[PDB]
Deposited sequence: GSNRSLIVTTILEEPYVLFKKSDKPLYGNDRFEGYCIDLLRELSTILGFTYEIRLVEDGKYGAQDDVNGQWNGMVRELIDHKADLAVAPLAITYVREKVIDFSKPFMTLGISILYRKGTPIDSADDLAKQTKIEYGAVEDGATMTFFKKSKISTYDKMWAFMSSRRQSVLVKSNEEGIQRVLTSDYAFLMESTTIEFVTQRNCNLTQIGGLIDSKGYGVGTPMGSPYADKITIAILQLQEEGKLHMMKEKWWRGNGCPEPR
């Protein structure tokens, strides 16, 4: 029976609502939970879902080299799978393995409609409107490591105000955009969910990069390639598309 680590994140993973108490895997629902169930049907495994304790996706500490979040769970073999909106990135791929992508996306900007802001460059050239990202995720790492002037500029701004502009979760960032003059750097798939529910909000500019979400496994795990094959079947049958429609003004 596989241990599956995951993280709360609408509409990928949420606590299911019921008038009565819920237990075990039945406590969860969402795109990624449907995915996991489909994978289990194809590959024939049983599983137990566990929310990652530190509530983080996974990044490496620049001082002591320690990983955290779901990535660390995999490295340490505390979980067999990570099934979540987990970005496949160069630094992660060096320490854990990934199925091929079940969704493709990119970093973009969440802000309000009807403003003069039309791009990342517009944000970088000013300081009145604050902007930030989720702490310890792929988006933050992209800016921290970027050698592109605009993004390097944006990282200087964010890192000099880490405490005030970086947030612990997408939900926290979305709330900042809704209640203050703030633009949030986040993934395009998730922006699409937000903007279908918050009609005053919109994506600003296009995609800043491109990346996929993959199922994570410890490095060398035979499940990575098996899950790739199952994902390809699910995509080709139209199932992933139906799941997207179900979960996603």
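Peer 1: Missing C-alpha coordinates: which residue stretches of the deposited sequence does that apply to?
Peer 2: Those stretches are 1 to 4, 253 to 256, 258 to 261, listed in order.
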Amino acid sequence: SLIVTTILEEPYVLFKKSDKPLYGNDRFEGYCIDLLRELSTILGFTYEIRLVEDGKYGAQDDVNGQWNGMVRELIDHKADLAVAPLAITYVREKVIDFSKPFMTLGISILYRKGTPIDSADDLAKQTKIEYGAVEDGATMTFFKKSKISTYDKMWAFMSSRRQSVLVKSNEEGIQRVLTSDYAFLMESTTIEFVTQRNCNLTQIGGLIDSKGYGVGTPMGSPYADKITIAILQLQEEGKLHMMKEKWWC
From here on, numbers count along this sequence of modelled residues.
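Peer 1: Of 167 to 175 and 80 to 88, which one has the bigger average CA B-factor?
Peer 2: Mean B over CA atoms: larger for 167 to 175.
Peer 1: Mean CA B-factor: is it higher for 22 to 30 or for 192 to 200?
Peer 2: Going by the record's values, the stretch with the higher mean is 192 to 200.
Peer 1: Among 187, 53, 38, 48, which carries the highest Cα B-factor?
Peer 2: Comparing C-alpha B-factors across 187, 53, 38, 48, the top value belongs to 53.
Peer 1: Looking at 102, 98, 111, 157, which has the highest Cα B-factor in the entry?
Peer 2: Of the options given, 157 has the highest CA B-factor in the PDB entry.
Peer 1: Check where residue 249 lands among this chain's C-alpha B-factors and tell me if it's the lowest, middle or highest third.
Peer 2: CA B-factor rank for residue 249: highest third.
Peer 1: Lowest, middle or highest third: where is residue 206 by Cα B-factor in its chain?
Peer 2: Answer is highest: the recorded C-alpha B-factor places it there.
Peer 1: Lowest, middle or highest third: where is residue 107 by Cα B-factor in its chain?
Peer 2: CA B-factor rank for residue 107: lowest third.
Peer 1: Comparing against every modelled residue in the chain, figure out the third that the C-alpha B-factor of residue 217 lands in (lowest, middle or highest).
Peer 2: Tercile = lowest for this residue's CA B-factor.
Peer 1: Rank-wise, by C-alpha B-factor, drop residue 70 into the lowest, middle or highest third of its chain.
Peer 2: Residue 70: CA B-factor falls in the middle third of its chain.
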